[PDB]
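Only one structure is covered here, and it is reproduced in the block below.
None of the figures in this text is laboratory data; all of them are computed from the coordinates on show. Neighbour counts are summed over all protein chains in view; Cβ atoms, including those assigned to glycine, are modelled from backbone coordinates with ideal geometry.
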């Protein structure tokens with residue numbers, strides 16, 4: 001004779017946007033170091049990188 | 001022959017900056033030059049930055 | 001873990017490949033430094049490694 005129903009409840013209708021992509025951008029700093037050496041051989045004749 | 005050396009540094013931002021003489025509560029006193037929104041070589045966790 | 005018996009170790013002469021040095025480290029003569037510099041270095045090291 002009868003059956004149940006299906007209720008739909010709506011609370012808020014806000015203006016949002018879609019999700020095209022997602023990523024995380026972390027904060028970075030400045031770190032560096034070096035070393036001073038002498039030629040003392042044929043490894044540093046003219047330049048450091050040959051080609 | 002002479003050996004004159006020039007130092008060029010191009011820049012097209014011209015953001016405001018200042019100097020900061022920070023003194024830690026332990027007793028150490030150091031100085032550094034912060035920029036407008038740019039990290040300033042954080043020393044022992046402190047990352048005080050300047051905004052323009 | 002255990003020092004198991006080996007037939008090759010009975011002759012008493014072991015080749016050089018059986019000697020391992022964990023890590024690459026070299027030494028040199030040093031100079032004594034005051035305690036304040038060492039304390040500051042230890043503080044900076046323990047501050048840069050909070051984990």
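In region A:6-35, the residues that are within 14 Å of another protein chain (Cβ to nearest Cβ) never reach a residue that is assigned to a loop (DSSP other than H, G, I, E, B) and exposed (fewer than 10 other Cβ atoms within 10 Å of the Cβ) with C-beta atoms less than 7 angstrom apart, at least six apart or across chains.
Scanning region B:20-37 for residues that are loosely packed, with under 12 Cβ neighbours inside 10 Å and either under 21 Å from residue A:27 (Cβ atoms) or touching a strand residue (DSSP E or B) at 6+ places or on another chain (Cβ under 6 Å) (or both) turns up B:21, B:23, B:29, B:31, B:33, B:37. Being without any contact (Cβ under 8 Å) to a residue 40 or more places away in the chain and in a helix (DSSP H, G or I) is true of residue C:40.
Taking the residues in region B:41-52 that are in contact with a strand residue (DSSP E or B) (Cβ under 9 Å, 6 or more places away or on another chain) and part of a loop (DSSP other than H, G, I, E, B) as candidates, determine which candidate is surrounded by the most Cβ atoms within 10 Å (Cβ to Cβ).
Here is the first cut: in region B:41-52, the ones in contact with a strand residue (DSSP E or B) (Cβ under 9 Å, 6 or more places away or on another chain) are B:41, B:43, B:46, B:48-52.
Next, only the ones that are part of a loop (DSSP other than H, G, I, E, B) stay: B:41, B:48-49, B:51-52.
Working: B:41: 11, B:48: 11, B:49: 13, B:51: 8, B:52: 9.
It comes out as B:49.
Do you know which of the residues in region B:25-40 that are part of a loop (DSSP other than H, G, I, E, B) and under 10 Å from the mean Cα position of the chain (by Cα) is nearest to the other protein chains (Cβ to nearest Cβ)?
Here the residue is B:39.
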